[PDB]
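Here's my sequence, what's the structure:
(chains A and B, ligands or ions: 13)
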Amino acid sequence: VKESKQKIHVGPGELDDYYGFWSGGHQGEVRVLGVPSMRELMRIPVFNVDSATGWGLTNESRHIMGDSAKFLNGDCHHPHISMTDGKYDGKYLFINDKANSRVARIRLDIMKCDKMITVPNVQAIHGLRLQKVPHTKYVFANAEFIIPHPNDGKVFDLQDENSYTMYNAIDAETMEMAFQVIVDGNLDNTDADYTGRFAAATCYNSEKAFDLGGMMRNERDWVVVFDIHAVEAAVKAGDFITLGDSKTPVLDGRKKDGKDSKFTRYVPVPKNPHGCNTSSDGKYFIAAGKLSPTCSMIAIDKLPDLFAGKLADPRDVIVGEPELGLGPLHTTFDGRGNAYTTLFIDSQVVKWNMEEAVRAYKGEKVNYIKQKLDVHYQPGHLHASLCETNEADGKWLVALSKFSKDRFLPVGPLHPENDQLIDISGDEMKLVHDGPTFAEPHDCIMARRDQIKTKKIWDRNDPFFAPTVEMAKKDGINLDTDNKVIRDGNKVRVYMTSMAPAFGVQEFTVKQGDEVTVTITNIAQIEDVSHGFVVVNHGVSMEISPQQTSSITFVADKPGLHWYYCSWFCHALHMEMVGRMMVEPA
Amino acid sequence: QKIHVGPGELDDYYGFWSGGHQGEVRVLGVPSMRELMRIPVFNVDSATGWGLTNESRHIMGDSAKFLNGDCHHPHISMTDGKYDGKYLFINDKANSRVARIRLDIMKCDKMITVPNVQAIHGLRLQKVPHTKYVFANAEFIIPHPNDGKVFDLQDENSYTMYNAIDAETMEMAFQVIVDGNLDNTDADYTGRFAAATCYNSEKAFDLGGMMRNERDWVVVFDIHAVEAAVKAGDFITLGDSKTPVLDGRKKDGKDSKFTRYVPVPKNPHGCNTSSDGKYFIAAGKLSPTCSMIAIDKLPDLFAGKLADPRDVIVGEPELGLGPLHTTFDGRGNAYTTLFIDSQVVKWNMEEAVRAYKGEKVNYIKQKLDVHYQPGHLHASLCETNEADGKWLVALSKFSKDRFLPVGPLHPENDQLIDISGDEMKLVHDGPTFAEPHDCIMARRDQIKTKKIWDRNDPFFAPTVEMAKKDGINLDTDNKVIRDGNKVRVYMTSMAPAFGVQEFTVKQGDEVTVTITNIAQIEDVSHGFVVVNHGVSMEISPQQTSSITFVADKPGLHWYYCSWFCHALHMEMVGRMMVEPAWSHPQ
Ligand code: CUZ
Ligand code: CUZ
Ligand code: CUA
Ligand code: CUA
Ligand SMILES: [Ca+2]
Ligand SMILES: [Ca+2]
Ligand SMILES: [Cl-]
Ligand SMILES: [Cl-]
Ligand SMILES: [Cl-]
Ligand SMILES: [K+]
Ligand SMILES: [K+]
Ligand code: NA
Ligand code: NA
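Numbers count the residues shown, from 1 in each chain, chains lettered A, B, ... in the order given. Ligands and ions are numbered 1, 2, ... in the order given. Shown next is the structure:
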């Protein structure tokens, strides 16, 4: 007998217990929440263009985005925190972009996106999870959609032998591709084991169809299990191919005339399975049945025997297949031996015991279902605190529901998502908070307060703006002191320090048509004294926080006087923290 | 007074938060302070496609080239000094715009770039007899014309202008040239008078010059005189704009027909009409006071029946350091933010008026500490004669230690305060991104939203018109129209299938995809994303949306529905096949 009795109210002056990291959904950012208050503490721009900080307008952000800076949209689903020894280490957050096929990395000490990669030769990065053990060496990323190779417009057929999709491994530390694995079918969600050897992904389009009925024809698709040691062995030996102009090593994980690859095993699982979730004790890859009212439990301890050819049938690694309810999509864990699964159709979370499910699969008459909690409505992902680590603490559960209906005030034709906080600390799940969120966060991740350490002010050698320091070095500028205008043909490079309530350069003059770069270094050493910089009617906007350098480039295409001002309320004289750009006519 | 809104309870008030330099408008539930919706206005929204869609870019006009905005002041249209819930208006300081949000669909439906001005800052609505005019301050003095021959702010032709926009047509109504500059503004409860603070009576560009004079002023406008001069044809026009321009400057000590300038210390900021309609209250900022302009003495002031403009001041209470903004409980109390002292000061307006007459009386009732450095504040219904004295939001600029650390950039602290009793009670600390400057609350029953679009809605009527030229009936048709190197795809959508699941174009074709969501159910929104083309939009029930992009890459390119709509949402996809350029002419 233990009761669910956790306090939910975080009063003024009190602090939240957990950080929540929410996908921004189709809006494209990452959002930082306090838990259990469910209040949004910060937005981290990633694939969106952020007017406030200038992400997507500044030179530093467009350098990180690369050529993909041309896109103003993203679609993210799956945020995950880097691990060491199966526990969060607080270093990085990774997230996917399904719209323009990217992975981004966020540095959790500065809460900014610091690296971004377009995954080559694929369309639509969806499933994403991190190696757990010995640490996050790889980011694993699913590309969802089968495409021709090459995709040059000569072949459009999905059934062609060179039409396929690929599992992707990115080096977490360098954010360069490590390798790709061609698979049969497609890829939905993915997870990793607690040794580093195995990773697994669900597949819903084993049929390689494009139409709705075609994609639901097979009784069973599969989860494909990857032998990462075997992949690495082959890469280290040089037996791989490359595709197109990408140097990425490409391994072939497809079955060929019935024969298995060294790199993959295909475990039949019903049906168009969706979630693929590693239990916190490291025993199971759990695939959520979706169209089948089940979850399928893959025993990780049997996978070495599967890849060694010691098992008669790939189904022999299935050790449980509990019937739970209508539309199982995702599973999480309290670390006490229970699994928690969203039922999309039944609109519930079901709590169930994994070892009892395994015994029931053997034919014991034991009831493994503990509780079904109604949620509102149609839940997708769910997340129990520390569930992706061997420290899963079984305290908080968030269920992320796609139809809010009447749970909030009406706000027009478009509705918010209902992210519901559930106390799981005791024997009964208890619903304690409905949190409306914009643009469908799909999944979220929680960390203990003590797992996250942030910088209070920037470091001057920070890699985030190191290329700007370099540019200034070429101009002979000491960013910490200098207030100067460099003229270079039709290029003008203003460098200034800023200190509330004044810009260090308060006027400058240019010729109509000049390309202007303005670089600002906030030399305050006080926490929270951010400055802004907006050029009126030029579409120019950016943030400069304490000890940061930020820069932005625009063309002075309009003759005349053009004011600039500080956008971040910084000082009693903030309205007067302004300057003039004077543009002499052509 | 209920503080906490439990699961399945609804908030009692809507709150409309400015998005600050992030450029959107945010809809909150009060008192829970949870964000229910984001309304993109000057930002590019990846989720809905605002800034990318043809409908949004049509509304933005040429300003669709800007990806940024800076908004501060949201206000709800009024009829007879009460909110009518028709429209929300907000300013853009970064690119000199005013936007209108239609509160039934919670979307920006009109936008205007105010001509011949720089930086739209202060903004407020006529109250009586209804909101005919939107009043908008241009904050910065510029040359006229601003063609790069004159840069000096002291030139005869260097000034800023007060701006009146027709609320219903969102076209310019008139502009009034003023001395000095403009900061905030408000309107009386008769329709005759509006008023604006000025902090740069010096027409300087540096900090000390802008602070030189002991008093700047509140400039009062006689809208009846302006209206009479425009009907009489007595105005000029500037540049290309047909907007009537009237001259509200003093010339040679002589007052204009349209303006009177009331001396007020010092670099005053806020400008707030009391809910009883008696006073324009100006916040003294650098002066530790507010200045109360008796609106009933204004007709006498404009008729030359007063010896000194100061004679319309009937109060100047000393309140504390850095008064910025004032709001009203409707019980004769005013609440003022003290930026430097970091407090809200509650004071009795009539008692302050007696103390100005010499009658010693303590008009200050309470000073509540806020965290930290408050800017604007807002009491529920404060801008109407229905000011109800229940809730107070103070919007503080430095949150320091009030929330978990999230890096060098800190959230703001919007603190909800109970003012229903004699004593202000701090009840909730609400972190917000990008510095909302101001907000506005409305009773739940003052807002009526549509659950599904009307098919004749002007938001997409231009698109319906385009479709008619192609002979399309958007409600039923699934057709691909070809026109040279343009392709216009029209389709219906019903979960979980796109009405046109595949189409083929030539490389380089300009593709418009128009989608009509023909669902009748609430909350069934679809999305549309073209992988790797930077294309993303929302289509809510009975909406038509369209987006245009270049099919610049040969090959097969997937599109998918981004808005979780169904159990088969992962499977709602389509294919664009792009034939290579080398296989087609040129
Ligand atoms: Cu992309 S899917 Cu269940 Cu993860 Cu939301
Ligand atoms: Cu623009 S000012 Cu007190 Cu409104 Cu914030
Ligand atoms: Cu710098 Cu406001
Ligand atoms: Cu249509 Cu999801
Ligand atoms: Ca299938
Ligand atoms: Ca002044
Ligand atoms: Cl998953
Ligand atoms: Cl338990
Ligand atoms: Cl104001
Ligand atoms: K939704
Ligand atoms: K701030
Ligand atoms: Na990169
Ligand atoms: Na317009």
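
what sits against residue A:15?
Neighbouring residues of residue A:15 by CB atoms under 8 Å, 6 or more residues apart in numbering or on different chains: A:34, A:449, B:403, B:404. Quick note: C-beta positions are derived from backbone N, CA and C, even for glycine.

hang on, the third one packs against residue A:33?
Think residue B:403. No. Using CB atoms under 8 Å, residue B:403 is not in contact with residue A:33, being 10.5 Å away.

So between those two, which is more surrounded?
Using other CB atoms under 10 Å in any protein chain shown as the criterion, residue B:403 and residue A:33 rank with residue A:33 on top: 26 against 23.

OK, contacts around the closest residue in space to that one that isn't next to it in sequence?
Closest residue to residue A:33 apart from its sequence neighbours, by CB to CB, 6 or more residues apart in numbering or on different chains: residue A:20 at 3.5 Å. Counting by CB under 8 Å, 6+ apart, residue A:20 touches A:32, A:33, A:34, A:35, A:38, A:398, A:444, A:445, A:446.

Equivalent analysis for residue A:5, please.
A:423, A:425, A:426.

Equivalent analysis for residue A:432, please.
Counting by CB under 8 Å, 6+ apart, the residues that residue A:432 touches are A:6, A:8, A:36, A:421, A:422, A:423, B:7.

for ligand 10, what are the nearby residues on chain A?
Selection of chain A residues close to ligand 10 by CB under 5 Å from the ion yields A:402, A:417.

so which strand or helix has the residue nearest in space to the middle of chain A?
The centroid of chain A falls nearest to residue A:95 when counting by CA atoms, centre = their mean (1.6 Å). Assessed by DSSP states H and E, residue A:95 sits inside strand A:87-97.

Who are the packing partners of that strand?
If you count contacts as 3 or more CB pairs under 8 Å, 6 or more residues apart in numbering or on different chains; DSSP states H and E, strand A:87-97 packs onto strand A:80-84, strand A:102-107, strand A:123-130, strand A:444-448.

Counting by contacts, list what the longest one packs against.
When you say that, I think you mean strand A:123-130. strand A:80-84, strand A:87-97, strand A:102-107, strand A:138-145, strand A:190-192, strand A:198-203, strand B:555-560.

And that strand, what's buried?
By neighbour count on 16 or more other CB atoms under 10 Å in any protein chain shown, the buried set for strand A:123-130 is A:123, A:124, A:125, A:126, A:127, A:128, A:129, A:130.

what does chain A put close to ligand 3?
Within reach of ligand 3 by CB under 6 Å from any ligand atom, chain A has these residues: A:500, A:501, A:531, A:566, A:568, A:569, A:570, A:571, A:574, A:577.

residue contacts, the fifth one?
Going back to what we said before, that points to residue A:568. Residue A:568 neighbours (CB under 8 Å, 6+ apart): A:530, A:531, A:532, A:543, A:574, B:21, B:435.

Number of residues surrounding the second one?
What that stands for is residue A:531. Neighbours of residue A:531 (other CB under 10 Å): 29.

Quick check: it touching residue A:570?
Yes. Counting by CB under 8 Å, residue A:570 is a contact partner of residue A:531 at 5.5 Å.

who touches both of the two?
Between them, residue A:531 and residue A:570 share the contacting residues A:500, A:577, judged by CB under 8 Å, 6+ apart.

Can you tell me the element residue A:472 falls in?
Assessed by DSSP H and E, residue A:472 sits inside helix A:466-474.

So for that helix, what gets flagged as buried?
A:468, A:469, A:471, A:472.

Which two of those have the greatest separation?
Pairwise distances across the buried residues of helix A:466-474 (CB to CB) peak at 7.4 Å, for the pair A:469 and A:471.
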